[PDB]
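Chain and residue survey
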Amino acid sequence: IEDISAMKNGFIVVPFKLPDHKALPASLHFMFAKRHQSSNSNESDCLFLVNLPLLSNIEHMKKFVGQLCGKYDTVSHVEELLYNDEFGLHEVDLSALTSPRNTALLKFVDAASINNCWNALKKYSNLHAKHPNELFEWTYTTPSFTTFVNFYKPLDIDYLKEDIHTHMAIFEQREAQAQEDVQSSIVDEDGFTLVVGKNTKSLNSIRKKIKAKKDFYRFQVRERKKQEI
Amino acid sequence: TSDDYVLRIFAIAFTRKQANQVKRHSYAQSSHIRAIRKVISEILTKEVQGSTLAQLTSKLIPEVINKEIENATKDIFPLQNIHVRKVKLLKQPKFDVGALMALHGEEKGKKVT
Amino acid sequence: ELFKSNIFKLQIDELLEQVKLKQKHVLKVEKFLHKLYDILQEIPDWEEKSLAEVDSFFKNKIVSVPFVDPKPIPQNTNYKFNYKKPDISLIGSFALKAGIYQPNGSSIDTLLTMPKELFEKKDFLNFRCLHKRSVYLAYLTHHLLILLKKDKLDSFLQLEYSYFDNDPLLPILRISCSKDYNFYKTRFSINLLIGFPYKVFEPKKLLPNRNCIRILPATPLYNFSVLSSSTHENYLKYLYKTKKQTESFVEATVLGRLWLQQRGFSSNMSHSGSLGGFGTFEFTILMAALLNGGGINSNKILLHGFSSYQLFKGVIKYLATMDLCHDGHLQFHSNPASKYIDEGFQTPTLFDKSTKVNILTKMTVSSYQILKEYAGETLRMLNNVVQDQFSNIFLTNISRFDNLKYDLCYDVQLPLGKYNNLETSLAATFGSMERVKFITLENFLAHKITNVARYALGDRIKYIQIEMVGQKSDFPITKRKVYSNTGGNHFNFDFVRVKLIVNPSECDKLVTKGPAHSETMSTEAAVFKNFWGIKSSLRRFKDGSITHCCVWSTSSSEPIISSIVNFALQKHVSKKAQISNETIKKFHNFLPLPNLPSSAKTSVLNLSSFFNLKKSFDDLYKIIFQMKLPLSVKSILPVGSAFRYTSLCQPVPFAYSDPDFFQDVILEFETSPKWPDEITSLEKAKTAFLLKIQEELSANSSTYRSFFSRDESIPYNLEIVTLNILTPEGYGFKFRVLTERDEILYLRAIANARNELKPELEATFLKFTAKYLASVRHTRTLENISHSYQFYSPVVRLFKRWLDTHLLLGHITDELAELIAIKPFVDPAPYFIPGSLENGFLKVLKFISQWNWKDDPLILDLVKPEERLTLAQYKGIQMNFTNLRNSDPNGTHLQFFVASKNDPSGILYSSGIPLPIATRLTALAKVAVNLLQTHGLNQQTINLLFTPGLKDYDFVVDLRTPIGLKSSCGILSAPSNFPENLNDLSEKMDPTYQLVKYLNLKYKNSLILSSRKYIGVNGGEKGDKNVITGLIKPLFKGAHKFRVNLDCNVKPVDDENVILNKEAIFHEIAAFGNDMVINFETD
Amino acid sequence: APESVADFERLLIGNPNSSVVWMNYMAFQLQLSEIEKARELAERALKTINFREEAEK
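Residues numbered from 1 in each chain as written, not as in the entry; some residues may be left out. Chains lettered and ligands numbered in written order. Part of a larger assembly, values for the part shown. Heavy atoms only, no water. Residues with missing side-chain atoms left out of burial classes, pairs and counts.

- In its metadata, the entry names cryo-EM as the structure determination method and reports 3.8 Å as the resolution.

- Taking the PDB entry as the reference, chain D is identified by name as rRNA biogenesis protein RRP5 belonging to Saccharomyces cerevisiae.

- The name the PDB entry gives chain A is Ribosomal RNA-processing protein 7, with Saccharomyces cerevisiae as the organism.
- Comment text from UniProt for chain A, heading Function, reads "Plays an important role in the synthesis of 18S rRNA but is not required for the 5.8S and 25S pathway. Is necessary for the cleavage at site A2. Is required for efficient association of RPS27 with the pre-ribosomal particle."
- Note on chain A: under the UniProt heading Subcellular location, the record states "Nucleus, Nucleolus". (UniProt positions renumbered as here; feature names shortened; annotations may be inferred.)

Below is the structure:
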């Protein structure tokens, strides 16, 4: 359990000791990190993290990278962290549908910062290999009585009014533009116009919306005579 | 209804004229008449089968059922004076004084001597 | 009739080939009884001897004469005693050739018929022929004993005395065996019966109206005993003749025998606190008489060309429609058709004229009534065309537990003592006429106690029975009768236990109304005032009536029927009797009790708090319907559990710490076709409507309080808003908007989702329609069926309480709990409808323990007693179940399956439930019925079934909230206003529910949890203690490959293979509940 | 290494999204020659596993 310093699939184990609780007679909470490879602009300079602790927020990422840089004399400025869906409440985009789990992404400010913290976590893995005490301790922002009644808090009428107002306003704007587009007498490049029924609103909705006689001929009555006789 | 009260409901509706009407009368074709009968029959059957008798009375007081009929048949033909004209009980189920006391809302003597 | 005919007949022939006898055992007992015939003809005779002579005889012999009571005395025996060679005959189901292979053990009768030249025409007066029979069988068993000591079968033979189906006037001989005539493996026994020939005493002199013990009242049991012993064999000849005349006599016989055995009925003497009087023999005589006739016209209602099922349906419908006791009776001729007469002789009366015998004198009136009710119920389930009822009729023993067989029960200890002690112990008298009407004191006290309890209760019950706790029927050869001394007596019992089929609509009547009042006191009001004594008085009512009555006081711990039977048996029977039912006492105590005035006197059939809730809600209803809006308010429908009378506790004003405080109400607007076509814009329009209603409410109804709660209980809809309304009746609601646009946008998202996204969105839409669409119809029909079945609401309250104690409520939904609780009322078979809290709760748990959801489905006919499920709908739901169990044959995705008219899918209230939770619930019901079977019903076992197990739990977290919430929750060990800040409302709210829920949404991949939802009842005395019990899934218990979507907190054992990180999980639980984790216990 | 239907089901209770234990279950059903049953439980694997694992789909 001590020589397990990294993983052969590229990931690197990141441990975190936990304090002596009153009801428990120390742990090492293991996380995993690997640099990201993506073509999107906002997912560049990114670190994939697996098995994060509870409520792994930007403040605790700042604390961890501060521990790392203050130990290893590096510099690594955190920019933003992505995909903090730790409870399973945002996996279906129902809105755009009808119109990456237990893991997160961590974006930095430059490749210098990301390679500095990458070397810092490599040295943290070597710390886990040789000396399991020189590691860091993970503090949780404790979800307590105040945070749970904060979840129980009734909503603000000002926030409600402003949110409904802006949402309804931009929805009326985009819906009016969509109606103008779908009933603005569209004509293709070659002369080819589309038929639109009244009270249709979306071209996407249009795309989603997208006898014989046997006794007559003489050969027929002759084959009927043949099959009867 | 769900309370097993076999019931019979009569409704009437008149074919009004629009806001731009220059024609004197506003008569409906027989196809529109038969279509509106179909829609009204389905509406009445659906709502009073989903409801119960006390719930039916609570729907029947504030004229909501004719409002639903009008909101549905605004596209077939514009109507007016839509009303559930008559309700007629036809069968009555097994008795329930407990249900009566519940939908309505034990007592001792005075020791006569 | 064809479909049920085929299936019923194949089930009948299957059952008979299952229970068929053993012909080698038949030949064994046949050669044995032939050997007994040889032994009988080797037995010599005894001449005319006096009492002193037979006294010296059986005094120097070890055998004592089992004399009938009272004994013969030398002052009135001037006649003598004699024994000659009797006539031999064979009687039984074996003699009718309709035997089976009984597991417990059967017995075959053989008759020794006395000689006429030994008889005289002055022997049927004053126990003369009875003492003749007693010394006759004494000499028989003596010489059988000496011939057994000759043939040396004594090493495995067992010879004991007995009574003819517990007839103390008719002592018989019993022969059993133990481990070449070793017949013990046959499980058969031999009864030696001693009878009189045909026409030895005049049957019109021995009709039950006649007196035959001089001292004038009739001697009915005396008459029947001697006349039946005179005319045993002619009946058997008649049964054989009718059996050879028809074709399926033995088949109808075995169906009747197995049916009465499953019911718990037999030919035993029922008059002394036992259930019997009608068994196989009387069943055969009834078959013979009904093929002999039956109608009032004396027409042949039963046809000889019928089948087995036809004869059985005929007898059950005939006994359901024909009274034999009160206002009618039946009469036949064994040698002449059977004719029904409209005269009931106040006893079950089937009267043979050819020998002048009523055959059901072994029956009591209450036993006849419950037999007729069982006949009517089985007639109903035999007309059940939709569902099969064969396995319910024949393959269920109903007489295993008295508390399940009967709704109410009480134990009463009787220290009466002795024959001279009855005069100062019993309040009633036992004189010469009392002795001649009941020869046996057990029959005397039994008929007395049934009469006094039946008069003192009357309308309050349906049916009454008494079980004389301690009765026996056998006694050794060296005894004159049965001797017992325990229980404060010298008779064959310990105490009594009274059982009661109660009327639920006539239980909570608070007055015991009697007759009217005039100046001249009538006989009825007179005997009413004498019976009730001090308790009786004269009260007037608001309508202007002057009638005698007596007035009780309800309680939250015992019923009025218990108080009445207490007063009645303590007054009119004996001053030394001890009455209790501590079982139902602790049931009513364990029922939650609300913090309301007069809750101690409030009984269980008071829905007054529910009615106050409904009235305040109707006020709010009127306010919203007079409110004006850009739409017109189409409908407002409550769907709350307190509305459908099933919340764990009755609602208390201002008790907002209740989990069922804010009842749900579905608000639904008119069909304005200008709704937004997108889901979020539609939702935010709903929120804007609720905000407008809230502003107008705060404007013009300022006495109410109101706020918005961010609900997201439905998945993937992050903007649900519930308008919480607080009304100064101390009550709370949450309003939400239903829309056909919600329905169609959910279906559009279903159609637009990807092929692997389809099951998740299907589950989301299923939860949505469970909350919004099936819920309203469910609460509607549940309200109606509850008001038809009153006791459903207390049994579902106590059942949901039991599930909260066993922590299964975190997964089990209230609707599923309601459906499994309403199952026994809508499906009473084979029992009756429950009318007591204990009876209903135990029927629920009995069905759950006997249930097998892997194979057995469940459909419920939500309907009042006699819009049922038609055959087409039933076949459709069965096809739904068979396709679903073909798509899931073991229950990984769905374990239970309950359907109704509201749910043609049967999946709505069963989804989202793990099979560990399922098997834990099933094993809990199983261990409950096992502890009830073994340890016996008492309050200790009540406490054992109510305590949680706290076992098989991989981790156990004991938490305690710092604030007590029991008094604020409104259960007695109180709030009186709403505080100024809704934030402090949320502060006084309880968080551990959302704790365990969010922890489950985090670790649903890996962990499963169970918590206590209702702290005000399961938090100890202060109402503050909870426990989180958590299981780990076995794959994540194992060690696997570290994936990018492995979805667990792991610890690597290798550089590629990882195992779960258990103590890190435990530390995360401690972190999430840091302010509330008090103790942790690992596996 | 599960061997019976009950412990196979309990290990699917361990993980129902585990194509490994789904595959071992249907492989046991092929070696015991219940091919319709293995095919049907493969359809059960379709309707029980999640949508994030397109690789295991």
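**A short note on the overall build of chain A**
- Scanning chain A for helices and strands turns up seven helices and five strands.
- Ordering the α and β elements of chain A from the N terminus gives β-β-β-α-β-α-β-α-α-α-α-α.
- Here chain A has a C-alpha radius of gyration of 32 Å; the compact-globule value for 229 residues is 17 Å, and the former is much larger.
- Projected onto the principal axes, the alpha-carbon positions of chain A cover approximately 100 × 60 × 45 Å. (Helix = DSSP H or I, 4+ residues; strand = E, 2+ residues; numbered from the N terminus. Rg over C-alpha atoms; globule rule 2.2 N^0.38 Å.)

**Structural notes on the interface of chain B and chain C**
- Counting residues at the interface gives 27 residues for chain B, matched by 26 residues for chain C.
- Summing both partners gives a buried area of about 2,400 Å² for chain B against chain C, and 52% of it is carried by carbon and sulfur.
- Three residues stand out in chain B for area buried against chain C, namely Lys108, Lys111 and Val112 of chain B, and they jointly supply 26% of the buried area on that side.
- Here chain B is connected to chain C by two salt bridges.
- Across the salt bridge formed by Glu47 of chain B and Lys634 of chain C, the nearest N and O atoms sit 4.0 Å from each other.
- Linking chain B to chain C there are six residue pairs in polar contact.
- Of all elements in the fold, only α1 (30-50), α2 (53-60), α3 (64-72) and α4 (97-104) of chain B reach the threshold of two or more residues within the side of chain B that touches chain C.
- With four residues, α3 of chain B is the single largest residue contributor to the side of chain B that touches chain C.
- Here the side of chain B that touches chain C is built from residues that sort into six nonpolar, nine polar and 12 charged. (Contact = heavy atoms within 4.5 Å. Buried area = accessible area lost by both parts, 1.4 Å probe. Salt bridge = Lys/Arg side-chain N within 4 Å of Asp/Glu carboxyl O. Polar contact = N/O pair within 3.5 Å; in protein donor to acceptor, adjacent residues only side chain to side chain. Nonpolar A, V, L, I, M, F, W, Y, C, P; charged D, E, K, R; others polar.)

**Here's the deal with the nonpolar core**
- Residues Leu130, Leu157, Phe183, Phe196, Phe278, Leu319 and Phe394 of chain C are the most contacted members of the largest nonpolar core, which totals 134 residues.
- Among residues more than four places away in sequence, those in contact with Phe278 of chain C are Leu260, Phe265, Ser266, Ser267, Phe283, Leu286, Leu360, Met363 and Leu371 of chain C. (Core = buried A, V, L, I, M, F, W, Y, C linked by side-chain atoms within 4.5 Å. Buried < 20%, exposed > 50% of the residue type's maximum accessible area, 1.4 Å probe, protein only.)

**Points about the sheet that holds strand β17 (residues 578-580) of chain C**
Residue and element names in this part refer to chain C.
- Ordered in space as β13-β14-β12-β17, the four strands form an open sheet in which the pairing is antiparallel. Edge positions in the open sheet fall to β13 (461-469) and β17, since each of these has one partner strand only. Neighbour to neighbour, the strand axes of the sheet diverge by 20° on average, direction disregarded.
- Bridge count between β13 and strand β14 (residues 495-502): eight bridges; the pairing is antiparallel. Considered in β14, the bridge of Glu467 is made with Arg497. (Pairing = 2+ DSSP bridges. Axes fitted to C-alpha atoms, helices over the stretch in contact; angles between N-to-C directions.)

**A short note on the packing of aromatic side chains**
- A full pass over the atoms with the stated rule returns 78 aromatic pairs over all chains.
- Their ring planes at 85° and their centres at 4.7 Å tell us that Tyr455 of chain C and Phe531 of chain C sit as a pair that is edge-to-face. Note that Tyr455 of chain C is positioned in helix α15 (residues 441-457) and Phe531 of chain C in helix α16 (residues 523-532), a separation of 76 residues in sequence.
- In this structure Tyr455 of chain C comes out as partly exposed when scored by relative accessible area, which is 37%.
- Since its relative accessible area comes to 15%, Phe531 of chain C is described here as buried.
- Here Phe799 of chain C and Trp802 of chain C contribute two aromatic rings whose centre-to-centre distance is 5.8 Å and whose plane-to-plane angle is 35°, an arrangement assigned as tilted. A residue pair is termed a helical-turn pair when its members lie 3 or 4 positions apart in one helix, as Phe799 of chain C and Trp802 of chain C do in helix α24 (residues 792-805) at three residues. Side by side, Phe799 of chain C and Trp802 of chain C carry an identical accessibility label, which is buried.
- Clustering of aromatic rings is evident, with ring pairs tying together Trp46, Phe57, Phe58, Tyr83, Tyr136 and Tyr139 of chain C.
- If you follow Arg35 of chain A out to its NZ or CZ, it ends over the ring of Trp118 of chain A, 4.1 Å from the centre.
- In this structure, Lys116 of chain C is placed above the aromatic ring of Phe201 of chain C, and the distance from its NZ or CZ to the ring centre is 5.7 Å. (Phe/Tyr/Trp six-rings, centres within 6.5 Å; stacked < 30°, edge-to-face > 60°. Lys NZ or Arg CZ within 6 Å of the ring centre and 35° of its normal.)

**Some remarks on the side chain of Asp888 of chain C**
All names here are of chain C.
- For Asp888, the position within the fold is in the loop between α27 (871-887) and β24 (898-899).
- As a buried residue without a salt bridge, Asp888 has its nearest oppositely charged side chain in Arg885, at a separation of 4.1 Å.
- Here the side chain of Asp888 touches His893 through a polar contact of 2.9 Å, landing on its backbone nitrogen.
- Aside from chain neighbours lying at most four places away, what touches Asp888 is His893 and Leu894. (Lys, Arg positive; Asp, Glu negative; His and termini not counted.)

**Here's the deal with empty space enclosed by the protein**
All names here are of chain C.
- The computed volume of the largest cavity comes to approximately 390 Å³.
- Along its surface, the largest cavity is lined by 27 residues, and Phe32, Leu36, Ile175, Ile190 and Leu192 are the ones closest to its centre.
- Those elements giving two or more residues to the lining of the largest cavity turn out to be α2 (23-42), β3 (87-91), β4 (108-113), α4 (128-151), β5 (157-163) and β7 (190-195).
- Counting residues per element, the lining of the largest cavity draws most heavily on α2, at eight residues.
- Tallied by class, residues from the lining of the largest cavity come to 22 nonpolar, two polar and three charged.
- Approximately 300 Å³ is the volume found for the second largest cavity.
- As for the second largest cavity, its lining consists of 21 residues, of which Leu414, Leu416, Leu426, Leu445 and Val573 are closest to the centre.
- Of all the elements in the fold, those that place two or more residues in the lining of the second largest cavity are α15 and β14.
- The element that contributes the greatest number of residues to the lining of the second largest cavity is α15, accounting for five residues.
- Tallied by class, residues from the lining of the second largest cavity come to 18 nonpolar, one polar and two charged. (1 Å grid on protein atoms, 1.4 Å probe; cavity = no way out; pocket = protein on both sides within 12 Å on 5 of 7 lines; lining within 4 Å. Points joined across faces, edges and corners; volume = space filled by probe spheres on them.)

**Quick notes on the interface of chain A and chain C**
- Listed as interface residues are 57 residues of chain A and, on the opposing side, 67 residues of chain C.
- Of the roughly 6,000 Å² buried between chain A and chain C, counting both surfaces, carbon and sulfur atoms make up 66%.
- Linking chain A with chain C are two salt bridges, by the criterion used here.
- As a salt-bridge pair, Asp163 of chain A and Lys684 of chain C come within 2.8 Å of each other at their nearest N and O atoms.
- Run the count over chain A and chain C and you get 18 residue pairs in polar contact.
- For the side of chain A that touches chain C, the elements supplying multiple residues, two or more each, are α2 (94-98), α4 (145-151) and α5 (157-182) of chain A.
- Of all the elements, α5 of chain A adds the most residues to the side of chain A that touches chain C, at eight residues.

**Some thoughts on a nonpolar patch on the surface**
All names here are of chain A.
- A cluster of nonpolar side chains, contributed by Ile186, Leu194, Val195 and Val196, occupies part of the molecular surface with about 350 Å² of accessible area.
- Looking at the secondary structure, you find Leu194 in the loop between α5 and α6 (203-209).
- Under the relative-accessibility criterion, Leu194 is labelled partly exposed at 38%. (Patch = residues over 30% accessible without salt bridge, like charges linked within 9 Å, V, L, I, M, F, W, Y side chains within 5 Å. Areas by Shrake-Rupley, 256 points an atom, 1.4 Å probe, with all protein chains shown as cover.)

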